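Notes for the one structure printed next.
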Amino acid sequence: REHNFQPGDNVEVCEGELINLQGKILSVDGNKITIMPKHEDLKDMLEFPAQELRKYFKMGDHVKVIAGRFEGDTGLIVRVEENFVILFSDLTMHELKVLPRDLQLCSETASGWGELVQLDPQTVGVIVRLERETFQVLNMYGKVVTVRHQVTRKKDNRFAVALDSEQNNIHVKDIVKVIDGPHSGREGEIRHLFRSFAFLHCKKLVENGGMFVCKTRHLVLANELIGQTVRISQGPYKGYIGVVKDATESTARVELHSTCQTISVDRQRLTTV
Amino acid sequence: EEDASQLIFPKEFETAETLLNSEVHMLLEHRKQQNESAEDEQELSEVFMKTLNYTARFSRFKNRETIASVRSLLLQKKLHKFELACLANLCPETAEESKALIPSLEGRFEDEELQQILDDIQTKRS
Amino acid sequence: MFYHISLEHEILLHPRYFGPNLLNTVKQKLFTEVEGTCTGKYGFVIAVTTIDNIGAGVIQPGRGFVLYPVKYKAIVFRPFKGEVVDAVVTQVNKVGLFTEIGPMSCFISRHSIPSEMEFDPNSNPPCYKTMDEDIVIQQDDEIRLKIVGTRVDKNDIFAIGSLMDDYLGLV
Amino acid sequence: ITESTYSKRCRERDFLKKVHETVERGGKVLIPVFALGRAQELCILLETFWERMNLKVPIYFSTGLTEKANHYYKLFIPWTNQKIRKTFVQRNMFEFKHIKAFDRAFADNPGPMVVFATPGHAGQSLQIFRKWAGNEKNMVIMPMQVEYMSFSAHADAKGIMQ
């Protein structure tokens, strides 16, 4: 057997003269805890061992799973039987059947991520689920792929512009409706952008953590000169030899060989030597 | 912590005046009257007219004189404001029903005069 | 249930609104950014009935924005422990029931009532049906239910409804 | 074993007249291309028209694939028409003196200009189509004024008969 009692949890008494007393755990020990539970309407302080206790919770409190197949999931209970306790998860509305010993009282928020990855340097993607050795990534396919850890990272274009069916400008974190395609009728939020695709999120959608992709037009809003030695062939600095440190379409930063200056020269006055 | 059986409220709500369903309806429809009077102003989201139709199709009273009369007879007897709102909005049919709705009504009022005041409000419901 | 209490809010007004319509802009900003919000203490606000006063506008040092404390009266509505609340019923799935009391995603499970009430899929409109098939709980009807639970879900509430008490049916 | 799936001067003259009338009114055209042969034919016909009328308002083509097609068409002169081979000694006709590379169509600068879109939809055309909708001359010619000028790339029935 095993005992895992944490402070703040609600426990009950299943046998003895002090039965049906619910208290809050303060501390814990190994085998004979001699625990100190804060009972309701009782200022005199009692002692209870580990075998007498049982993790009974009041109805409508945040619960977490310590171990088992349902571990890592939170929710709210419905009714605690002798040994049959059910709860609905915060992510999906699937009924979870858990043992009463495998429940704990915690106030933390559920986790339930979504960074931009590169399967190959021509394709981008967003991971939908964190696994131990693989990445589950939903690309612009509608199909979830399974790739190894060693994908690369691409800089996201947070200032990108996309166009819907009404030719209206949309950007990141914008709610858009789906009116065409295989999944018309749903609604999503923009996370990353492409030339003709947009990534969508719906918190009510339960498949792959809410990640989905839709096309942009099927929605609606709801230098070589660098490092080169040049000659200034025109102007007041005519004849000076320099190396281009920086250049634009019009001007260039020329590091003069003879002086300690770097000067801005118009590129029409420069001759590559 | 908070409960209705022991009437445990947060400490800031000592003057928390509670409005009846038709009072909420008349205030909300007055807000729409002023909003329609307010030109060049955007309309509000689905929550407002959602609450408005919830107060419409579940309204217990229809004329403001009925609310005035029920309040004017209810403040004379010793009631809590939350108890007053629960009694005036639950719309009971029998006295034992009125006891069985809220645990805070257990033993607060005598059964015969409770039957009398339900007879009064059942005469003035429409 | 609907209360009528006093709330507090702070308005950060940009300097571009420092004109003849300043206080009106403050009221418009308040009406913009208090609607459609829920909190775990003061409940989900319905609407602002009136504004008591607009406080003194303290100019923040280092920013152009002015901070305006606002005292106003707003209708709030939250679940309560041990109270019977009127509800709205919609279509029924094979697992549960969709109830919407305003913004409330209240749910009814199979571990809140004895087996006197059942659900069948044989009828074309899904509804809750007993063995006698007397009471019908389908879309758009009047029921009563009791809520004890309340939870916070990022300005959303998750709760559980109960039907243990008698005469909690249609009128 | 032959294909079997199925005027030209008049269509080319009408397309050139439409382009000239739209560019002489100060507006900009956004004709798209989807095939390489149609793109090269449109560029060469445009370039000889611009050289013949001798007007200097620019024509631009986009993408990193149409440039590769231009280079390969430049390197394969013997596989071209009689005029391109015969007048090659004067000048390479695929070395365009008027059609230049589009740095986002000169950053979408104002004025009359000709722009070639990468697809025939997809990216690098819809931004131009939305940026020029409801303009003075919004002439976009698929194979907000919309014109229809189609060039046949395959043979017709009489060509197969011949």
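To be explicit about the labels: the chains of the structure tokens are called A, B, and onward in the order shown, and within each one the residues are counted from 1, while ligands get numbers from 1 in the order they are shown.
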Please provide as JSON, numbers by chain all residues within 8 Å of residue 158 (chain A), with the sequence filter that same-chain residues fewer than 6 positions apart are discarded (counting only C-alpha atoms). {"A": [171, 172, 192]}
Which residues of chain C come within 12 Å of chain A, and for each one, what is the closest pair of atoms and their distance in Å to one decimal, counting only C-alpha atoms, sorted by chain and residue number, as CSV?
residue,atom,partner,partner_atom,distance
C:81,CA,A:60,CA,10.4
C:95,CA,A:95,CA,9.3
C:96,CA,A:93,CA,9.7
C:97,CA,A:93,CA,11.8
C:98,CA,A:93,CA,11.9
C:105,CA,A:93,CA,11.8
C:107,CA,A:78,CA,10.1
C:108,CA,A:78,CA,9.2
C:109,CA,A:78,CA,7.4
C:110,CA,A:78,CA,8.8
C:111,CA,A:79,CA,5.9
C:112,CA,A:79,CA,7.2
C:113,CA,A:79,CA,10.5
C:147,CA,A:60,CA,10.0
C:148,CA,A:60,CA,7.5
C:149,CA,A:60,CA,4.7
C:150,CA,A:60,CA,6.7
C:151,CA,A:60,CA,7.7
C:152,CA,A:109,CA,10.0
C:153,CA,A:90,CA,8.9
C:154,CA,A:109,CA,10.2
C:157,CA,A:90,CA,11.7
C:158,CA,A:76,CA,8.8
C:159,CA,A:60,CA,7.7
C:160,CA,A:78,CA,7.5
C:161,CA,A:78,CA,9.8
C:162,CA,A:78,CA,10.3
Output N, CA and C atoms for every residue in the selection just made, as a PDB file, in the first residue's frame.
ATOM      1  N   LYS C  81     -25.035  29.466  -3.006  1.00  0.00           N
ATOM      2  CA  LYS C  81     -25.014  28.169  -2.342  1.00  0.00           C
ATOM      3  C   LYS C  81     -26.350  27.936  -1.646  1.00  0.00           C
ATOM      4  N   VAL C  95     -25.466  12.275 -23.473  1.00  0.00           N
ATOM      5  CA  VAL C  95     -24.737  12.264 -22.209  1.00  0.00           C
ATOM      6  C   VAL C  95     -25.373  13.210 -21.194  1.00  0.00           C
ATOM      7  N   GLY C  96     -25.550  14.476 -21.561  1.00  0.00           N
ATOM      8  CA  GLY C  96     -26.032  15.452 -20.606  1.00  0.00           C
ATOM      9  C   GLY C  96     -27.029  16.464 -21.133  1.00  0.00           C
ATOM     10  N   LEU C  97     -27.241  17.527 -20.359  1.00  0.00           N
ATOM     11  CA  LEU C  97     -28.223  18.558 -20.659  1.00  0.00           C
ATOM     12  C   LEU C  97     -27.543  19.917 -20.754  1.00  0.00           C
ATOM     13  N   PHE C  98     -27.914  20.682 -21.779  1.00  0.00           N
ATOM     14  CA  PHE C  98     -27.402  22.035 -21.978  1.00  0.00           C
ATOM     15  C   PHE C  98     -28.388  23.029 -21.374  1.00  0.00           C
ATOM     16  N   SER C 105     -23.002  28.111 -17.759  1.00  0.00           N
ATOM     17  CA  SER C 105     -22.905  26.770 -18.333  1.00  0.00           C
ATOM     18  C   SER C 105     -23.222  25.703 -17.289  1.00  0.00           C
ATOM     19  N   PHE C 107     -24.751  22.454 -15.593  1.00  0.00           N
ATOM     20  CA  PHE C 107     -24.857  21.116 -16.145  1.00  0.00           C
ATOM     21  C   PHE C 107     -25.556  20.214 -15.135  1.00  0.00           C
ATOM     22  N   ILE C 108     -26.254  19.205 -15.648  1.00  0.00           N
ATOM     23  CA  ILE C 108     -26.918  18.197 -14.828  1.00  0.00           C
ATOM     24  C   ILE C 108     -26.338  16.839 -15.193  1.00  0.00           C
ATOM     25  N   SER C 109     -25.818  16.134 -14.195  1.00  0.00           N
ATOM     26  CA  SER C 109     -25.187  14.837 -14.374  1.00  0.00           C
ATOM     27  C   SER C 109     -26.132  13.733 -13.916  1.00  0.00           C
ATOM     28  N   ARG C 110     -25.618  12.507 -13.921  1.00  0.00           N
ATOM     29  CA  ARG C 110     -26.377  11.338 -13.502  1.00  0.00           C
ATOM     30  C   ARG C 110     -26.165  10.994 -12.033  1.00  0.00           C
ATOM     31  N   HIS C 111     -25.431  11.825 -11.294  1.00  0.00           N
ATOM     32  CA  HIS C 111     -25.207  11.589  -9.873  1.00  0.00           C
ATOM     33  C   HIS C 111     -25.712  12.763  -9.043  1.00  0.00           C
ATOM     34  N   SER C 112     -26.883  13.288  -9.398  1.00  0.00           N
ATOM     35  CA  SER C 112     -27.530  14.342  -8.627  1.00  0.00           C
ATOM     36  C   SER C 112     -28.990  14.061  -8.315  1.00  0.00           C
ATOM     37  N   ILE C 113     -29.626  13.119  -9.008  1.00  0.00           N
ATOM     38  CA  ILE C 113     -31.031  12.787  -8.776  1.00  0.00           C
ATOM     39  C   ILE C 113     -31.184  11.276  -8.759  1.00  0.00           C
ATOM     40  N   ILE C 147     -28.611  25.071  -7.149  1.00  0.00           N
ATOM     41  CA  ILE C 147     -27.168  25.062  -7.367  1.00  0.00           C
ATOM     42  C   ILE C 147     -26.464  25.229  -6.028  1.00  0.00           C
ATOM     43  N   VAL C 148     -25.405  24.447  -5.816  1.00  0.00           N
ATOM     44  CA  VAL C 148     -24.607  24.557  -4.599  1.00  0.00           C
ATOM     45  C   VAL C 148     -23.169  24.895  -4.982  1.00  0.00           C
ATOM     46  N   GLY C 149     -22.744  24.447  -6.162  1.00  0.00           N
ATOM     47  CA  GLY C 149     -21.364  24.616  -6.575  1.00  0.00           C
ATOM     48  C   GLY C 149     -21.107  25.845  -7.421  1.00  0.00           C
ATOM     49  N   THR C 150     -19.879  26.357  -7.366  1.00  0.00           N
ATOM     50  CA  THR C 150     -19.473  27.532  -8.129  1.00  0.00           C
ATOM     51  C   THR C 150     -17.978  27.415  -8.398  1.00  0.00           C
ATOM     52  N   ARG C 151     -17.567  27.841  -9.591  1.00  0.00           N
ATOM     53  CA  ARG C 151     -16.159  27.792  -9.968  1.00  0.00           C
ATOM     54  C   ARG C 151     -15.837  28.980 -10.861  1.00  0.00           C
ATOM     55  N   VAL C 152     -14.547  29.311 -10.926  1.00  0.00           N
ATOM     56  CA  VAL C 152     -14.049  30.407 -11.750  1.00  0.00           C
ATOM     57  C   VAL C 152     -13.350  29.825 -12.974  1.00  0.00           C
ATOM     58  N   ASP C 153     -13.651  30.383 -14.143  1.00  0.00           N
ATOM     59  CA  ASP C 153     -13.155  29.854 -15.411  1.00  0.00           C
ATOM     60  C   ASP C 153     -12.750  30.988 -16.349  1.00  0.00           C
ATOM     61  N   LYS C 154     -11.966  31.941 -15.828  1.00  0.00           N
ATOM     62  CA  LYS C 154     -11.480  33.118 -16.560  1.00  0.00           C
ATOM     63  C   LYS C 154     -12.654  33.957 -17.080  1.00  0.00           C
ATOM     64  N   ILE C 157     -18.199  30.860 -15.385  1.00  0.00           N
ATOM     65  CA  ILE C 157     -18.587  30.090 -14.209  1.00  0.00           C
ATOM     66  C   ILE C 157     -18.977  28.688 -14.647  1.00  0.00           C
ATOM     67  N   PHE C 158     -18.415  27.685 -13.978  1.00  0.00           N
ATOM     68  CA  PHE C 158     -18.836  26.300 -14.125  1.00  0.00           C
ATOM     69  C   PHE C 158     -19.530  25.875 -12.840  1.00  0.00           C
ATOM     70  N   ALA C 159     -20.751  25.364 -12.967  1.00  0.00           N
ATOM     71  CA  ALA C 159     -21.549  24.988 -11.811  1.00  0.00           C
ATOM     72  C   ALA C 159     -22.303  23.703 -12.117  1.00  0.00           C
ATOM     73  N   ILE C 160     -22.925  23.146 -11.078  1.00  0.00           N
ATOM     74  CA  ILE C 160     -23.692  21.910 -11.176  1.00  0.00           C
ATOM     75  C   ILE C 160     -25.090  22.174 -10.634  1.00  0.00           C
ATOM     76  N   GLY C 161     -26.107  21.800 -11.405  1.00  0.00           N
ATOM     77  CA  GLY C 161     -27.481  21.929 -10.962  1.00  0.00           C
ATOM     78  C   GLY C 161     -28.002  20.650 -10.332  1.00  0.00           C
ATOM     79  N   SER C 162     -29.015  20.802  -9.482  1.00  0.00           N
ATOM     80  CA  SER C 162     -29.610  19.681  -8.770  1.00  0.00           C
ATOM     81  C   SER C 162     -31.123  19.706  -8.931  1.00  0.00           C
TER      82      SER C 162
END
Please indicate the distance in Å from CA of residue 168 (chain A) to CA of residue 24 (chain D), rounded to one decimal place.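 Between CA of residue 168 (chain A) and CA of residue 24 (chain D) the gap is 29.6 Å.
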So which residues of region 48-193 of chain A fall under strand (DSSP E) by DSSP, listed as a PyMOL selection string? chain A and resi 53-54+62-65+74-80+85-88+95-98+103-105+116-120+123-130+134-138+144-148+162-163+169-170+175-178+187-189
When you look at residue 71 (chain B) with a cut-off of 12 Å (counting only C-alpha atoms), what residues show up, excluding the ones that are within fewer than 6 positions of it in the same chain? I need them as a ChimeraX atom specification. /B:18-20,23,64-65,77,79,81,84-85,87-88,121
Expected file: the selected residues, N, CA and C atoms, as a PDB file, in the first residue's frame:
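Saved as again.pdb:
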ATOM      1  N   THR B  18     -31.699  44.382  -3.285  1.00  0.00           N
ATOM      2  CA  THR B  18     -31.940  43.364  -4.297  1.00  0.00           C
ATOM      3  C   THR B  18     -33.188  43.726  -5.090  1.00  0.00           C
ATOM      4  N   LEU B  19     -33.085  43.656  -6.414  1.00  0.00           N
ATOM      5  CA  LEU B  19     -34.165  44.051  -7.304  1.00  0.00           C
ATOM      6  C   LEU B  19     -34.927  42.826  -7.794  1.00  0.00           C
ATOM      7  N   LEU B  20     -36.250  42.953  -7.856  1.00  0.00           N
ATOM      8  CA  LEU B  20     -37.101  41.871  -8.319  1.00  0.00           C
ATOM      9  C   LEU B  20     -36.983  41.749  -9.841  1.00  0.00           C
ATOM     10  N   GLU B  23     -38.548  44.490 -11.732  1.00  0.00           N
ATOM     11  CA  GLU B  23     -37.754  45.700 -11.530  1.00  0.00           C
ATOM     12  C   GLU B  23     -36.538  45.711 -12.450  1.00  0.00           C
ATOM     13  N   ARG B  64     -46.053  48.159 -12.382  1.00  0.00           N
ATOM     14  CA  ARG B  64     -45.209  48.671 -11.304  1.00  0.00           C
ATOM     15  C   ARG B  64     -45.980  48.894 -10.009  1.00  0.00           C
ATOM     16  N   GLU B  65     -47.295  49.115 -10.093  1.00  0.00           N
ATOM     17  CA  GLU B  65     -48.102  49.248  -8.888  1.00  0.00           C
ATOM     18  C   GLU B  65     -48.147  47.949  -8.093  1.00  0.00           C
ATOM     19  N   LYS B  77     -43.888  43.874   7.794  1.00  0.00           N
ATOM     20  CA  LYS B  77     -43.468  42.664   8.479  1.00  0.00           C
ATOM     21  C   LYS B  77     -41.944  42.566   8.464  1.00  0.00           C
ATOM     22  N   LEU B  79     -38.841  41.142   7.552  1.00  0.00           N
ATOM     23  CA  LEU B  79     -38.207  40.248   6.594  1.00  0.00           C
ATOM     24  C   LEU B  79     -36.791  40.720   6.307  1.00  0.00           C
ATOM     25  N   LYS B  81     -33.907  41.284   3.422  1.00  0.00           N
ATOM     26  CA  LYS B  81     -34.007  41.739   2.036  1.00  0.00           C
ATOM     27  C   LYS B  81     -33.841  40.584   1.055  1.00  0.00           C
ATOM     28  N   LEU B  84     -36.954  38.624   1.414  1.00  0.00           N
ATOM     29  CA  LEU B  84     -38.028  39.326   0.717  1.00  0.00           C
ATOM     30  C   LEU B  84     -37.960  39.082  -0.785  1.00  0.00           C
ATOM     31  N   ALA B  85     -36.756  39.163  -1.360  1.00  0.00           N
ATOM     32  CA  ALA B  85     -36.588  38.921  -2.789  1.00  0.00           C
ATOM     33  C   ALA B  85     -36.912  37.478  -3.153  1.00  0.00           C
ATOM     34  N   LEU B  87     -38.949  35.396  -1.523  1.00  0.00           N
ATOM     35  CA  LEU B  87     -40.386  35.180  -1.393  1.00  0.00           C
ATOM     36  C   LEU B  87     -41.157  35.847  -2.526  1.00  0.00           C
ATOM     37  N   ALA B  88     -40.718  37.030  -2.960  1.00  0.00           N
ATOM     38  CA  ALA B  88     -41.442  37.753  -3.995  1.00  0.00           C
ATOM     39  C   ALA B  88     -41.094  37.294  -5.405  1.00  0.00           C
ATOM     40  N   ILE B 121     -50.693  37.760  -2.126  1.00  0.00           N
ATOM     41  CA  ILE B 121     -49.883  37.891  -3.335  1.00  0.00           C
ATOM     42  C   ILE B 121     -50.478  37.091  -4.493  1.00  0.00           C
TER      43      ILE B 121
END
Residue hits in chain A, query chain D, radius 8 Å, only C-alpha atoms, as a PyMOL selection string: chain A and resi 163+167+195-196
When the cut-off is 8 Å and we count only C-alpha atoms, which residues of chain C are near chain B, given as a list in words? residues 2, 3, 4, 5, 36, 46, 47, 49, 80, 81, 82, 83, 84, 102 and 103 of chain C
Residues as selected, N, CA and C atoms, written as a compact mmCIF listing (two decimals), in the first residue's frame, can you do that?
# COMPACT_ATOMS: atom_id res chain seq x y z
N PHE C 2 -30.38 38.61 -9.18
CA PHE C 2 -29.98 39.96 -9.56
C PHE C 2 -29.94 40.85 -8.32
N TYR C 3 -28.76 41.35 -7.98
CA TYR C 3 -28.60 42.35 -6.94
C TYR C 3 -28.45 43.73 -7.57
N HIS C 4 -28.27 44.73 -6.71
CA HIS C 4 -28.00 46.10 -7.15
C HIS C 4 -27.06 46.71 -6.12
N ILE C 5 -25.76 46.64 -6.41
CA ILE C 5 -24.74 47.01 -5.43
C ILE C 5 -23.86 48.12 -5.99
N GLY C 36 -19.82 42.74 -19.87
CA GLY C 36 -19.36 41.41 -20.23
C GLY C 36 -18.18 40.92 -19.43
N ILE C 46 -24.28 42.81 -14.81
CA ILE C 46 -25.27 42.82 -15.88
C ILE C 46 -25.18 44.15 -16.63
N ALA C 47 -25.42 45.25 -15.92
CA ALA C 47 -25.40 46.57 -16.53
C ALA C 47 -25.18 47.61 -15.45
N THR C 49 -26.57 50.74 -13.82
CA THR C 49 -27.78 51.53 -13.68
C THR C 49 -27.46 53.02 -13.67
N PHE C 80 -25.38 31.00 -6.24
CA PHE C 80 -25.42 31.04 -4.79
C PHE C 80 -25.51 29.63 -4.24
N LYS C 81 -25.04 29.47 -3.01
CA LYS C 81 -25.01 28.17 -2.34
C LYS C 81 -26.35 27.94 -1.65
N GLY C 82 -26.99 26.81 -1.95
CA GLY C 82 -28.27 26.48 -1.35
C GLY C 82 -29.42 27.37 -1.76
N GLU C 83 -29.53 27.69 -3.04
CA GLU C 83 -30.61 28.53 -3.54
C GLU C 83 -31.23 27.89 -4.78
N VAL C 84 -32.53 28.10 -4.95
CA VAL C 84 -33.27 27.60 -6.10
C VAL C 84 -33.35 28.71 -7.14
N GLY C 102 -28.58 32.89 -18.51
CA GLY C 102 -27.72 33.98 -18.90
C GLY C 102 -26.43 33.46 -19.51
N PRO C 103 -25.30 33.74 -18.86
CA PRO C 103 -24.02 33.18 -19.31
C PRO C 103 -23.62 31.87 -18.65
From a DSSP calculation on the backbone, collect every residue of chain B in helix (DSSP H, G or I) and output the set as a PyMOL selection string. chain B and resi 21-37+46-57+64-74+81-90+95-101+103-105+111-123
Please indicate the distance in Å from CA of residue 11 (chain C) to CA of residue 67 (chain C), rounded to one decimal place.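 Between CA of residue 11 (chain C) and CA of residue 67 (chain C) the gap works out to 5.5 Å.
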Polymer residues at most 7 Å from residue 64 (chain C), only C-alpha atoms, same-chain spacing of 2 or more positions, as number ranges by chain: C: 14-15, 60, 62, 66
Same residues, N, CA, C and O atoms, output as a compact mmCIF listing (two decimals), in the first residue's frame:
# COMPACT_ATOMS: atom_id res chain seq x y z
N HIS C 14 -6.77 58.72 -22.05
CA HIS C 14 -5.70 59.28 -22.85
C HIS C 14 -5.82 60.80 -22.90
O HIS C 14 -6.92 61.35 -22.77
N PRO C 15 -4.69 61.52 -23.05
CA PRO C 15 -4.76 62.98 -23.17
C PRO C 15 -5.54 63.49 -24.36
O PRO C 15 -5.95 64.66 -24.35
N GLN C 60 -0.92 60.74 -13.69
CA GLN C 60 0.19 59.86 -13.35
C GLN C 60 1.51 60.51 -13.76
O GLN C 60 1.65 60.94 -14.91
N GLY C 62 4.95 60.74 -15.28
CA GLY C 62 5.66 59.94 -16.26
C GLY C 62 4.81 59.49 -17.42
O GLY C 62 5.36 59.09 -18.46
N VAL C 66 -4.53 59.93 -17.35
CA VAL C 66 -5.10 60.39 -16.10
C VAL C 66 -5.94 59.25 -15.53
O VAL C 66 -6.63 58.54 -16.27
Determine, counting only C-alpha atoms, which protein, DNA and RNA residues have an atom within 12 Å of an atom of residue 54 (chain C); residues of the same chain fewer than 6 positions away are not included. Present the result as a VMD selection string. chain C and resid 8 to 11 22 to 27 30 67 to 72
For the residues in that selection, give me N, CA, C and O atoms as a compact mmCIF listing (two decimals), in the first residue's frame.
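See again.txt below for the written result:
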# COMPACT_ATOMS: atom_id res chain seq x y z
N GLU C 8 -16.58 49.57 -8.02
CA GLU C 8 -15.47 50.50 -8.17
C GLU C 8 -14.67 50.14 -9.41
O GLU C 8 -14.42 48.96 -9.69
N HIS C 9 -14.26 51.16 -10.16
CA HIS C 9 -13.45 50.95 -11.35
C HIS C 9 -12.51 52.14 -11.53
O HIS C 9 -12.78 53.24 -11.05
N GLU C 10 -11.41 51.89 -12.24
CA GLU C 10 -10.41 52.91 -12.52
C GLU C 10 -10.31 53.09 -14.03
O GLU C 10 -10.21 52.10 -14.77
N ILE C 11 -10.35 54.34 -14.49
CA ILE C 11 -10.33 54.66 -15.91
C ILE C 11 -9.02 55.36 -16.23
O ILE C 11 -8.68 56.38 -15.62
N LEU C 22 -14.97 65.45 -21.84
CA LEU C 22 -14.07 64.62 -21.03
C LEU C 22 -14.85 63.64 -20.17
O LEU C 22 -14.60 62.43 -20.21
N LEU C 23 -15.79 64.14 -19.37
CA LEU C 23 -16.53 63.28 -18.45
C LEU C 23 -17.44 62.32 -19.21
O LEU C 23 -17.61 61.17 -18.80
N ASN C 24 -18.00 62.77 -20.34
CA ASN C 24 -18.77 61.88 -21.20
C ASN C 24 -17.90 60.77 -21.76
O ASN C 24 -18.36 59.62 -21.86
N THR C 25 -16.66 61.08 -22.13
CA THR C 25 -15.73 60.05 -22.57
C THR C 25 -15.41 59.08 -21.44
O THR C 25 -15.22 57.89 -21.68
N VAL C 26 -15.34 59.58 -20.20
CA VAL C 26 -15.11 58.70 -19.06
C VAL C 26 -16.28 57.73 -18.87
O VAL C 26 -16.07 56.53 -18.66
N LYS C 27 -17.51 58.23 -18.97
CA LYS C 27 -18.68 57.34 -18.88
C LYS C 27 -18.71 56.34 -20.02
O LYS C 27 -19.04 55.16 -19.82
N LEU C 30 -16.12 53.68 -19.32
CA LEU C 30 -16.60 52.78 -18.27
C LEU C 30 -17.62 51.80 -18.82
O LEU C 30 -17.53 50.59 -18.57
N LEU C 67 -5.82 59.02 -14.23
CA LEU C 67 -6.50 57.92 -13.57
C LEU C 67 -7.76 58.45 -12.89
O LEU C 67 -7.68 59.31 -12.01
N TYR C 68 -8.91 57.92 -13.30
CA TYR C 68 -10.20 58.40 -12.80
C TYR C 68 -10.88 57.32 -11.98
O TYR C 68 -11.38 56.34 -12.55
N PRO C 69 -10.93 57.44 -10.65
CA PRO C 69 -11.72 56.49 -9.86
C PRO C 69 -13.21 56.74 -10.06
O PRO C 69 -13.68 57.88 -10.00
N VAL C 70 -13.95 55.66 -10.30
CA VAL C 70 -15.37 55.74 -10.63
C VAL C 70 -16.16 54.91 -9.63
O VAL C 70 -15.87 53.73 -9.43
N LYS C 71 -17.16 55.53 -9.01
CA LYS C 71 -18.11 54.85 -8.14
C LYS C 71 -19.45 54.80 -8.85
O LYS C 71 -19.98 55.84 -9.27
N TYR C 72 -20.01 53.60 -9.00
CA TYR C 72 -21.21 53.41 -9.80
C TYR C 72 -22.01 52.24 -9.26
O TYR C 72 -21.52 51.43 -8.47
Residues within 6 Å of region 140-149 of chain D, only C-alpha atoms, excluding chain neighbours under 5 positions, as a ChimeraX atom specification: /D:29-31,133-134
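CA of residue 135 (chain A) is positioned 17.6 Å from CA of residue 199 (chain A).
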Please provide the set of residues having any atom within 12 Å of region 53-55 of chain D, restricted to only C-alpha atoms, with same-chain residues fewer than 2 positions apart removed, written as a list in words.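 That gives residues 16, 17, 20, 23, 24, 46, 47, 48, 49, 50, 51, 57, 58, 59, 97, 98, 112 and 113 of chain D.
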